[PDB]
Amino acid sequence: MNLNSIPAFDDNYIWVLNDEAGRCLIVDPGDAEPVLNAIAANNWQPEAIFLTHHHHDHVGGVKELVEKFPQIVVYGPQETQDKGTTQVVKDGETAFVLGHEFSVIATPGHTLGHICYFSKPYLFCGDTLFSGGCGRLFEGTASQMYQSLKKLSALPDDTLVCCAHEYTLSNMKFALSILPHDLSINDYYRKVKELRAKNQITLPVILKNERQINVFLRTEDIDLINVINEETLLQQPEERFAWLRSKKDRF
């Protein structure tokens, strides 16, 4: 099994999983052109598309891909039913692709209907979980995003976080604005900066390591609580999470 990234727009990645026969799965294709080129260049045979949510940079390419490859099954949440989805899926359901069983996980936050797809070790989490960060709350509440990250954090340590955007460096700069003396965050920031100085991709990341350097997965850590509670006297986890996400909104 091979995991490939195809850049699109300014900072999107279209993930492609292909098996040993060249059959492939395409995740969140917002621009069909680079995907079509890679399919041709690599002799891939597209079998399915996964959509995580309805935003344009994630679904814009479906029509052209489906016209070129009429056999493609398009999986997605109810909120993409008008975006070319042919199999609506929801929490707890499974999509069988490339001989692998992908579990569907509802992760409201970025959008209300956002879903994630998991088949060990691959986690396609769209704009919910980023390396060092999480999605901006356009439609979901902070409580919902908090609960969605709790669900993703419970996945196995060897999970590969395949998120949709190259946000890692900015996410880690924010992390240092909150915990500037955390050695793990500093070390990861410097590694991510080194990659981005050479315009290299920072993904996928291993979930085990995200637990250490993603401040949005460290809501219940005493060191973060003490920082957050020195600004606002907040007593509940979802309130502290909202504080941190609001701070990042203006960073």
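In case it trips you up, residue 1 is the first one in the sequence shown, and so on.
Participant: Looking at the entry, does 35 to 43 or 183 to 191 show the higher mean C-alpha B-factor?
Facilitator: Result: 35 to 43.
Participant: 98 to 106 versus 124 to 132: which one carries the higher mean Cα B factor per the record?
Facilitator: Of 98 to 106 and 124 to 132, the stretch with the higher C-alpha B-factor average is 98 to 106.
Participant: Among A242, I14, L17, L233, which carries the highest Cα B-factor?
Facilitator: It is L233.
Participant: Of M172, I178, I72, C116, which one's C-alpha B factor is largest in the deposited record?
Facilitator: In this record, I72 carries the highest C-alpha B-factor of the candidates.
Participant: By the record's CA B-factor, is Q147 among the lowest, middle or highest third of residues in the chain?
Facilitator: As the PDB entry reports it, the C-alpha B-factor of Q147 lands in the lowest third of its chain.
Participant: When the deposited Cα B-factors of this chain's modelled residues are ordered and cut into thirds, is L25 in the lowest, the middle or the highest one?
Facilitator: Within its chain, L25 is a lowest-third residue by C-alpha B-factor, going by the deposited values.
Participant: Could you place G92 in the lowest, middle or highest third of its chain by Cα temperature factor, using the values in the record?
Facilitator: Ranked within chain, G92 CA B lands in the highest tercile.
Participant: Mind checking which third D82 falls in for C-alpha B-factor across the chain?
Facilitator: According to the entry, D82 has a C-alpha B-factor in the chain's highest third.
Participant: Looking at the temperature factor on the CA atom of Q200, which third of the chain's modelled residues does it land in?
Facilitator: CA B-factor rank for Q200: middle third.
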